[PDB]
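Enquirer: Just target-v9.cif, nothing more (mmCIF, C-alpha atoms):
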```
data_model
#
loop_
_atom_site.group_PDB
_atom_site.id
_atom_site.type_symbol
_atom_site.label_atom_id
_atom_site.label_comp_id
_atom_site.auth_asym_id
_atom_site.auth_seq_id
_atom_site.Cartn_x
_atom_site.Cartn_y
_atom_site.Cartn_z
ATOM 1 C CA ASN V 1457 84.796 35.241 -44.257
ATOM 2 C CA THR V 1458 86.954 38.378 -44.079
ATOM 3 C CA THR V 1459 84.656 40.174 -41.649
ATOM 4 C CA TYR V 1460 84.361 36.990 -39.585
ATOM 5 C CA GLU V 1461 88.154 36.971 -39.320
ATOM 6 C CA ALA V 1462 87.955 40.651 -38.347
ATOM 7 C CA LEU V 1463 85.372 39.941 -35.624
ATOM 8 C CA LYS V 1464 87.257 36.956 -34.218
ATOM 9 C CA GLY V 1465 90.468 38.980 -34.171
ATOM 10 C CA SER V 1466 88.851 42.105 -32.736
ATOM 11 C CA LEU V 1467 86.587 40.586 -30.065
ATOM 12 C CA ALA V 1468 89.540 39.385 -28.004
ATOM 13 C CA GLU V 1469 89.449 42.846 -26.388
ATOM 14 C CA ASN V 1470 85.758 42.489 -25.594
ATOM 15 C CA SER V 1471 83.781 44.923 -23.459
ATOM 16 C CA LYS V 1472 80.340 45.185 -21.893
ATOM 17 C CA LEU V 1473 79.775 48.707 -23.401
ATOM 18 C CA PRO V 1474 78.503 47.221 -26.713
ATOM 19 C CA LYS V 1475 74.850 46.766 -25.776
ATOM 20 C CA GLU V 1476 72.956 48.993 -28.257
ATOM 21 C CA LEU V 1477 74.396 47.979 -31.638
ATOM 22 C CA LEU V 1478 73.754 44.320 -30.772
ATOM 23 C CA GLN V 1479 70.076 45.217 -30.930
ATOM 24 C CA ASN V 1480 70.794 46.735 -34.359
ATOM 25 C CA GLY V 1481 73.587 44.596 -35.834
ATOM 26 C CA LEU V 1482 72.213 41.068 -35.584
ATOM 27 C CA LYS V 1483 68.626 42.345 -35.598
ATOM 28 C CA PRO V 1484 67.896 42.281 -39.394
ATOM 29 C CA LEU V 1485 69.204 38.708 -39.628
ATOM 30 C CA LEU V 1486 67.032 37.530 -36.735
ATOM 31 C CA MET V 1487 64.074 39.370 -38.260
ATOM 32 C CA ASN V 1488 64.852 37.585 -41.533
ATOM 33 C CA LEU V 1489 64.773 34.326 -39.536
ATOM 34 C CA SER V 1490 61.115 34.968 -38.586
ATOM 35 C CA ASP V 1491 57.921 33.877 -40.388
ATOM 36 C CA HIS V 1492 59.103 34.930 -43.834
ATOM 37 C CA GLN V 1493 59.598 31.418 -45.318
ATOM 38 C CA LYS V 1494 62.175 32.727 -47.841
ATOM 39 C CA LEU V 1495 65.609 32.330 -46.269
ATOM 40 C CA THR V 1496 68.845 32.775 -48.171
ATOM 41 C CA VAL V 1497 71.999 30.674 -48.074
ATOM 42 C CA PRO V 1498 74.544 33.497 -47.371
ATOM 43 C CA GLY V 1499 72.102 34.939 -44.841
ATOM 44 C CA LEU V 1500 72.255 31.676 -42.910
ATOM 45 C CA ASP V 1501 76.026 31.648 -43.469
ATOM 46 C CA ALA V 1502 76.358 35.073 -41.837
ATOM 47 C CA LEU V 1503 73.926 33.884 -39.161
ATOM 48 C CA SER V 1504 76.286 30.999 -38.369
ATOM 49 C CA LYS V 1505 79.329 33.288 -38.353
ATOM 50 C CA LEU V 1506 77.526 35.557 -35.896
ATOM 51 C CA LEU V 1507 76.266 32.489 -34.004
ATOM 52 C CA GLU V 1508 79.809 31.535 -33.094
ATOM 53 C CA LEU V 1509 79.430 34.068 -30.125
ATOM 54 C CA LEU V 1510 77.581 33.576 -26.817
ATOM 55 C CA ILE V 1511 75.640 36.840 -26.376
ATOM 56 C CA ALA V 1512 72.144 38.110 -27.352
ATOM 57 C CA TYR V 1513 70.621 34.655 -28.052
ATOM 58 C CA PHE V 1514 70.716 33.231 -24.526
ATOM 59 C CA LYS V 1515 67.087 32.196 -24.944
ATOM 60 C CA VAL V 1516 67.284 28.973 -26.976
ATOM 61 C CA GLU V 1517 64.150 29.540 -29.020
ATOM 62 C CA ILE V 1518 66.020 30.013 -32.293
ATOM 63 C CA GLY V 1519 66.010 26.211 -32.556
ATOM 64 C CA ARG V 1520 62.213 26.064 -32.437
ATOM 65 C CA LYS V 1521 61.924 28.569 -35.289
ATOM 66 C CA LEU V 1522 64.645 26.671 -37.148
ATOM 67 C CA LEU V 1523 62.766 23.382 -36.832
ATOM 68 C CA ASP V 1524 59.576 25.170 -37.886
ATOM 69 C CA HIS V 1525 61.330 26.502 -40.993
ATOM 70 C CA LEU V 1526 62.919 23.096 -41.608
ATOM 71 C CA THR V 1527 59.525 21.383 -41.466
ATOM 72 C CA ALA V 1528 58.159 24.092 -43.762
ATOM 73 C CA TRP V 1529 61.014 23.509 -46.206
ATOM 74 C CA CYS V 1530 60.664 19.713 -46.205
ATOM 75 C CA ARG V 1531 57.019 19.922 -47.273
ATOM 76 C CA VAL V 1532 55.434 17.721 -49.918
ATOM 77 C CA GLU V 1533 54.707 20.460 -52.439
ATOM 78 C CA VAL V 1534 58.285 21.768 -52.437
ATOM 79 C CA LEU V 1535 59.688 18.218 -52.552
ATOM 80 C CA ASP V 1536 57.425 17.632 -55.556
ATOM 81 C CA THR V 1537 59.481 20.292 -57.341
ATOM 82 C CA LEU V 1538 62.549 18.217 -56.421
ATOM 83 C CA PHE V 1539 61.097 15.303 -58.426
ATOM 84 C CA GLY V 1540 62.945 14.698 -61.691
ATOM 85 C CA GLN V 1541 66.211 16.575 -61.078
ATOM 86 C CA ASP V 1542 69.384 16.078 -59.055
ATOM 87 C CA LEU V 1543 69.875 16.881 -55.385
ATOM 88 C CA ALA V 1544 72.915 19.165 -55.174
ATOM 89 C CA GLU V 1545 72.092 22.182 -57.363
ATOM 90 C CA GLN V 1546 68.586 22.756 -56.002
ATOM 91 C CA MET V 1547 67.854 25.725 -53.738
ATOM 92 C CA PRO V 1548 65.718 23.915 -51.071
ATOM 93 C CA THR V 1549 68.508 21.369 -50.628
ATOM 94 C CA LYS V 1550 71.046 24.153 -50.012
ATOM 95 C CA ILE V 1551 68.620 25.882 -47.641
ATOM 96 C CA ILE V 1552 67.982 22.680 -45.659
ATOM 97 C CA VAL V 1553 71.739 21.990 -45.558
ATOM 98 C CA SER V 1554 72.359 25.478 -44.145
ATOM 99 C CA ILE V 1555 69.526 25.114 -41.604
ATOM 100 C CA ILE V 1556 70.940 21.796 -40.368
ATOM 101 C CA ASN V 1557 74.427 23.333 -40.395
ATOM 102 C CA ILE V 1558 73.545 26.202 -38.063
ATOM 103 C CA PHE V 1559 72.320 23.701 -35.480
ATOM 104 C CA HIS V 1560 76.006 22.971 -34.856
ATOM 105 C CA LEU V 1561 76.609 26.393 -33.276
ATOM 106 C CA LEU V 1562 73.597 26.461 -30.948
ATOM 107 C CA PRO V 1563 74.034 27.133 -27.193
ATOM 108 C CA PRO V 1564 74.907 23.962 -25.235
ATOM 109 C CA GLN V 1565 71.635 23.499 -23.398
ATOM 110 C CA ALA V 1566 69.540 20.349 -22.919
ATOM 111 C CA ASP V 1567 69.116 19.508 -26.596
ATOM 112 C CA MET V 1568 65.499 18.390 -26.839
ATOM 113 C CA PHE V 1569 65.873 19.007 -30.590
ATOM 114 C CA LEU V 1570 68.077 15.917 -30.973
ATOM 115 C CA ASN V 1571 65.319 13.341 -31.464
ATOM 116 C CA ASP V 1572 63.208 15.665 -33.618
ATOM 117 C CA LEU V 1573 66.139 16.616 -35.851
ATOM 118 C CA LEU V 1574 67.332 13.019 -36.239
ATOM 119 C CA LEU V 1575 63.855 11.714 -37.067
ATOM 120 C CA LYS V 1576 63.258 14.602 -39.466
ATOM 121 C CA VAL V 1577 66.498 14.055 -41.388
ATOM 122 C CA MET V 1578 65.896 10.295 -41.548
ATOM 123 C CA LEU V 1579 62.317 10.861 -42.740
ATOM 124 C CA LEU V 1580 63.602 13.341 -45.327
ATOM 125 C CA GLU V 1581 66.096 10.756 -46.557
ATOM 126 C CA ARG V 1582 63.386 8.092 -46.704
ATOM 127 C CA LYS V 1583 61.022 10.463 -48.520
ATOM 128 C CA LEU V 1584 63.639 11.216 -51.178
ATOM 129 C CA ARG V 1585 64.174 7.395 -51.249
ATOM 130 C CA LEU V 1586 67.974 7.598 -51.108
ATOM 131 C CA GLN V 1587 69.739 4.865 -49.113
ATOM 132 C CA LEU V 1588 73.334 6.025 -49.651
ATOM 133 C CA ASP V 1589 75.258 9.238 -48.921
ATOM 134 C CA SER V 1590 72.968 12.286 -48.869
ATOM 135 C CA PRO V 1591 73.668 16.049 -49.044
ATOM 136 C CA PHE V 1592 72.639 16.770 -45.433
ATOM 137 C CA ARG V 1593 74.582 14.084 -43.586
ATOM 138 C CA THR V 1594 77.744 16.170 -43.190
ATOM 139 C CA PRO V 1595 76.050 19.028 -41.235
ATOM 140 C CA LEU V 1596 74.235 16.422 -39.165
ATOM 141 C CA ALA V 1597 77.556 14.714 -38.441
ATOM 142 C CA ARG V 1598 78.937 18.081 -37.342
ATOM 143 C CA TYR V 1599 75.880 18.437 -35.112
ATOM 144 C CA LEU V 1600 76.179 14.938 -33.663
ATOM 145 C CA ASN V 1601 79.868 14.886 -32.820
ATOM 146 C CA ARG V 1602 79.677 18.184 -30.922
ATOM 147 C CA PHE V 1603 77.511 17.059 -28.021
ATOM 148 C CA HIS V 1604 78.041 13.295 -28.629
ATOM 149 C CA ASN V 1605 77.278 12.290 -25.024
ATOM 150 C CA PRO V 1606 73.446 11.947 -25.254
ATOM 151 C CA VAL V 1607 73.536 10.569 -28.797
ATOM 152 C CA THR V 1608 75.287 7.405 -27.572
ATOM 153 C CA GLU V 1609 72.468 6.806 -25.093
ATOM 154 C CA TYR V 1610 69.919 7.677 -27.782
ATOM 155 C CA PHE V 1611 71.595 5.116 -30.018
ATOM 156 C CA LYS V 1612 71.655 2.490 -27.255
ATOM 157 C CA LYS V 1613 67.960 3.113 -26.616
ATOM 158 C CA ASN V 1614 67.176 2.504 -30.321
ATOM 159 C CA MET V 1615 69.053 -0.406 -31.890
ATOM 160 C CA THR V 1616 66.109 -2.342 -33.307
ATOM 161 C CA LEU V 1617 65.857 0.260 -36.082
ATOM 162 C CA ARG V 1618 67.836 -0.789 -39.146
ATOM 163 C CA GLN V 1619 67.828 2.684 -40.715
ATOM 164 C CA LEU V 1620 69.290 4.319 -37.607
ATOM 165 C CA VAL V 1621 72.100 1.753 -37.562
ATOM 166 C CA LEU V 1622 72.895 2.403 -41.237
ATOM 167 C CA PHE V 1623 72.676 6.161 -40.635
ATOM 168 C CA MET V 1624 75.059 6.087 -37.673
ATOM 169 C CA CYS V 1625 77.511 3.721 -39.370
ATOM 170 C CA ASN V 1626 77.652 6.153 -42.271
ATOM 171 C CA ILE V 1627 78.020 9.165 -39.960
ATOM 172 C CA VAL V 1628 80.883 7.758 -37.836
ATOM 173 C CA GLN V 1629 83.148 7.141 -40.853
ATOM 174 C CA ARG V 1630 83.079 10.840 -41.782
ATOM 175 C CA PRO V 1631 86.125 12.960 -40.843
ATOM 176 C CA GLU V 1632 83.810 15.574 -39.316
ATOM 177 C CA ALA V 1633 82.945 13.134 -36.501
ATOM 178 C CA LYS V 1634 86.391 12.273 -35.142
ATOM 179 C CA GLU V 1635 85.225 12.243 -31.506
ATOM 180 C CA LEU V 1636 81.991 10.322 -32.078
ATOM 181 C CA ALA V 1637 84.113 7.466 -33.431
ATOM 182 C CA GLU V 1638 86.051 6.977 -30.200
ATOM 183 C CA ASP V 1639 82.778 7.331 -28.300
ATOM 184 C CA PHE V 1640 81.524 4.216 -30.102
ATOM 185 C CA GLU V 1641 84.717 2.144 -29.870
ATOM 186 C CA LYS V 1642 84.429 1.888 -26.080
ATOM 187 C CA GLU V 1643 80.780 0.772 -26.257
ATOM 188 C CA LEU V 1644 80.930 -2.267 -28.545
ATOM 189 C CA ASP V 1645 80.500 -4.763 -25.703
ATOM 190 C CA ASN V 1646 77.289 -3.032 -24.618
ATOM 191 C CA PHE V 1647 76.022 -3.486 -28.179
ATOM 192 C CA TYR V 1648 77.105 -7.148 -27.973
ATOM 193 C CA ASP V 1649 75.218 -7.780 -24.733
ATOM 194 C CA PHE V 1650 72.184 -5.887 -26.066
ATOM 195 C CA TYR V 1651 71.924 -7.969 -29.231
ATOM 196 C CA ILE V 1652 72.739 -11.269 -27.495
ATOM 197 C CA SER V 1653 70.139 -10.677 -24.774
ATOM 198 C CA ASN V 1654 67.541 -9.381 -27.252
ATOM 199 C CA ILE V 1655 67.764 -12.215 -29.800
ATOM 200 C CA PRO V 1656 65.655 -14.771 -27.833
ATOM 201 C CA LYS V 1657 62.935 -12.243 -26.968
ATOM 202 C CA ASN V 1658 61.843 -12.043 -30.625
ATOM 203 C CA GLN V 1659 63.719 -14.636 -32.772
ATOM 204 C CA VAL V 1660 62.034 -13.202 -35.889
ATOM 205 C CA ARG V 1661 64.418 -10.306 -36.658
ATOM 206 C CA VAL V 1662 67.651 -12.066 -35.804
ATOM 207 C CA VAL V 1663 69.253 -11.443 -39.210
ATOM 208 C CA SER V 1664 68.716 -7.713 -38.668
#
```
Rewrite the structure of this file - the entire thing - as structure tokens.
Expert:
Amino acid sequence: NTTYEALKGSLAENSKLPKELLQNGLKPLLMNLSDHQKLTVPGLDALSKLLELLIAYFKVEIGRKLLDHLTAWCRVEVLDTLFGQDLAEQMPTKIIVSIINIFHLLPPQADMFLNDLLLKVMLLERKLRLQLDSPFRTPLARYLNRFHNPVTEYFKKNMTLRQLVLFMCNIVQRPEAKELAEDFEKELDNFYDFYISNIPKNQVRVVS
């Protein structure tokens, strides 16, 4: 935290001349991010604190390796070790929370890792069979309120799913999603017209 304060106070007088130590400063962390499968929590913390810049990761392929490591940390054999104990002092839970957390500071490109990340977190919640507040809903709320323009259309394109509605109604109430809440308050009538027009097409899931 102290060196992050030093960087954010010292990079106001930025220059182009740093071009060699960037291939040596953030290089061991990005090499740690590779196919190693053993990531640390303060390593991902320092990766986020370095990821608050806009240089040297202009290629958005860090997200593909992050989703590969996330899928390799939400396996079945490692979640079998999670069986029997709690869900806040375990190391894979902290690692998955940090991996989801450093999706918040990704470059603002066309986020094709929205649907994959949302389905993976909802499948991870369904696989740990918890239907209430979960450890990795706060970093996902910090991910969702940042962009928050395509997630409203992704929500409006999927309203027949009960679990997505419960997930979003739990996300919006969090104080880390203050701008996703006002994005939903101006779209209640669209939800009204959707549900009213889609009741008589089915008439078998009307209580949902």
Enquirer: Tell me which of V:1623, V:1539, V:1610, V:1559 sits closest to residue 1526 of chain V, counting only C-alpha atoms.
Expert: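 Between V:1623, V:1539, V:1610, V:1559, the residue approaching residue 1526 of chain V most closely is V:1559.
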Enquirer: Can you spell out as an MDAnalysis selection string the set of residues that the PyMOL selection byres ((chain V and resi 1597) around 8) selects in the structure I just provided?
Expert: chainID V and resid 1593:1596 1598:1601 1627:1628 1630 1632:1633
Enquirer: List every residue of segment 1505-1538 of chain V that has an atom at most 12 Å from any atom of segment 1581-1590 of chain V, and for each one report the closest atom pair and its distance in Å to one decimal, counting all atoms listed in the file, with rows sorted by chain and then by increasing residue number, as a tab-separated table.
Expert:
```
residue	atom	partner	partner_atom	distance
V:1530	CA	V:1583	CA	9.5
V:1531	CA	V:1583	CA	10.3
V:1532	CA	V:1583	CA	9.3
V:1534	CA	V:1584	CA	11.9
V:1535	CA	V:1584	CA	8.2
V:1536	CA	V:1584	CA	9.9
V:1537	CA	V:1584	CA	11.7
V:1538	CA	V:1584	CA	8.8
```
Enquirer: Next, write the just-selected residues to a file, as an mmCIF file, keeping the file's coordinate frame, keeping C-alpha atoms as the atom set.
Expert:
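Result written to again-v9.cif:
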```cif
data_model
loop_
_atom_site.group_PDB
_atom_site.id
_atom_site.type_symbol
_atom_site.label_atom_id
_atom_site.label_comp_id
_atom_site.auth_asym_id
_atom_site.auth_seq_id
_atom_site.Cartn_x
_atom_site.Cartn_y
_atom_site.Cartn_z
ATOM 1 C CA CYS V 1530 60.664 19.713 -46.205
ATOM 2 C CA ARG V 1531 57.019 19.922 -47.273
ATOM 3 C CA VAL V 1532 55.434 17.721 -49.918
ATOM 4 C CA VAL V 1534 58.285 21.768 -52.437
ATOM 5 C CA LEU V 1535 59.688 18.218 -52.552
ATOM 6 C CA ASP V 1536 57.425 17.632 -55.556
ATOM 7 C CA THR V 1537 59.481 20.292 -57.341
ATOM 8 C CA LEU V 1538 62.549 18.217 -56.421
#
```
Enquirer: Just how far from atom CA of residue 1515 of chain V is atom CA of residue 1472 of chain V, in Å to one decimal?
Expert: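 Computed distance, atom CA of residue 1472 of chain V to atom CA of residue 1515 of chain V, equals 18.8 Å.
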Enquirer: Closest to residue 1474 of chain V among V:1649, V:1458, V:1659, V:1511, using all atoms listed in the file?
Expert: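 Answer, going by the shortest atom-to-atom distance: V:1511.
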Enquirer: Taking the file as shown, what set of residues would the PyMOL selection byres ((chain V and resi 1565-1574) around 9) give back, as a PyMOL selection string?
Expert: chain V and resi 1516+1519-1520+1523+1556+1562-1564+1575-1579+1596+1600+1603+1606-1607+1610
Enquirer: Show which residues sit within 9 Å of residue 1608 of chain V, as a ChimeraX atom specification. Count all atoms listed in the file, and ignore same-chain residues fewer than 3 positions away.
Expert: /V:1604-1605,1611-1613,1636,1639-1640,1643
Enquirer: Of the residues V:1494, V:1502, V:1651, V:1591, which is the one nearest to residue 1550 of chain V, using all atoms listed in the file?
Expert: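 Looking only at the distances to residue 1550 of chain V, the closest residue turns out to be V:1591.
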Enquirer: Report, in Å to a single decimal, how far apart atom CA of residue 1492 of chain V and atom CA of residue 1508 of chain V are.
Expert: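 The value is 23.6 Å.
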Enquirer: Which residues fall under the PyMOL selection byres ((chain V and resi 1457) around 12) in this file, as a PyMOL selection string?
Expert: chain V and resi 1458-1464+1498+1501-1502+1504-1506
Enquirer: Kindly export the residues of the current selection with C-alpha atoms, as a PDB file, in the coordinates of the input.
Expert:
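Once everything was written out, this is again.pdb:
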```
ATOM      1  CA  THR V1458      86.954  38.378 -44.079  1.00  0.00           C
ATOM      2  CA  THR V1459      84.656  40.174 -41.649  1.00  0.00           C
ATOM      3  CA  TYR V1460      84.361  36.990 -39.585  1.00  0.00           C
ATOM      4  CA  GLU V1461      88.154  36.971 -39.320  1.00  0.00           C
ATOM      5  CA  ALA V1462      87.955  40.651 -38.347  1.00  0.00           C
ATOM      6  CA  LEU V1463      85.372  39.941 -35.624  1.00  0.00           C
ATOM      7  CA  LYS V1464      87.257  36.956 -34.218  1.00  0.00           C
ATOM      8  CA  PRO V1498      74.544  33.497 -47.371  1.00  0.00           C
ATOM      9  CA  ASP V1501      76.026  31.648 -43.469  1.00  0.00           C
ATOM     10  CA  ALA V1502      76.358  35.073 -41.837  1.00  0.00           C
ATOM     11  CA  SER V1504      76.286  30.999 -38.369  1.00  0.00           C
ATOM     12  CA  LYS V1505      79.329  33.288 -38.353  1.00  0.00           C
ATOM     13  CA  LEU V1506      77.526  35.557 -35.896  1.00  0.00           C
TER      14      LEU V1506
END
```
Enquirer: Using all atoms listed in the file, which of the listed residues (V:1551, V:1619, V:1655, V:1514) sits closest to residue 1527 of chain V?
Expert: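 Under the stated criterion, the closest residue is V:1551.
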Enquirer: What is the distance between atom CA of residue 1558 of chain V and atom CA of residue 1540 of chain V, in Å to one decimal?
Expert: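 Pair atom CA of residue 1558 of chain V / atom CA of residue 1540 of chain V returns 28.3 Å.
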Enquirer: So which residues are close to (89.7, 4.3, -36.8), meaning at most 9 Å away in the file's coordinates with all atoms listed in the file counted, and can you show them as a ChimeraX atom specification?
Expert: /V:1629,1634,1637-1638,1641
Enquirer: Return the single residue from V:1503, V:1622, V:1552, V:1528 that is closest to residue 1487 of chain V, with distances computed using all atoms listed in the file.
Expert: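 Nearest candidate to residue 1487 of chain V out of V:1503, V:1622, V:1552, V:1528: V:1503.
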Enquirer: Return the single residue from V:1642, V:1560, V:1475, V:1618 that is closest to residue 1662 of chain V, with distances computed using all atoms listed in the file.
Expert: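 Of all the options, V:1618 lies closest to residue 1662 of chain V.
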Enquirer: Output as AutoDock Vina command-line options the centre and edge lengths (Å, one decimal) of the box along x, y and z of the file that holds every listed atom of segment 1483-1492 of chain V after adding 4 Å on each side.
Expert:
```
--center_x 63.6 --center_y 38.1 --center_z -39.7 --size_x 19.3 --size_y 16.5 --size_z 16.2
```
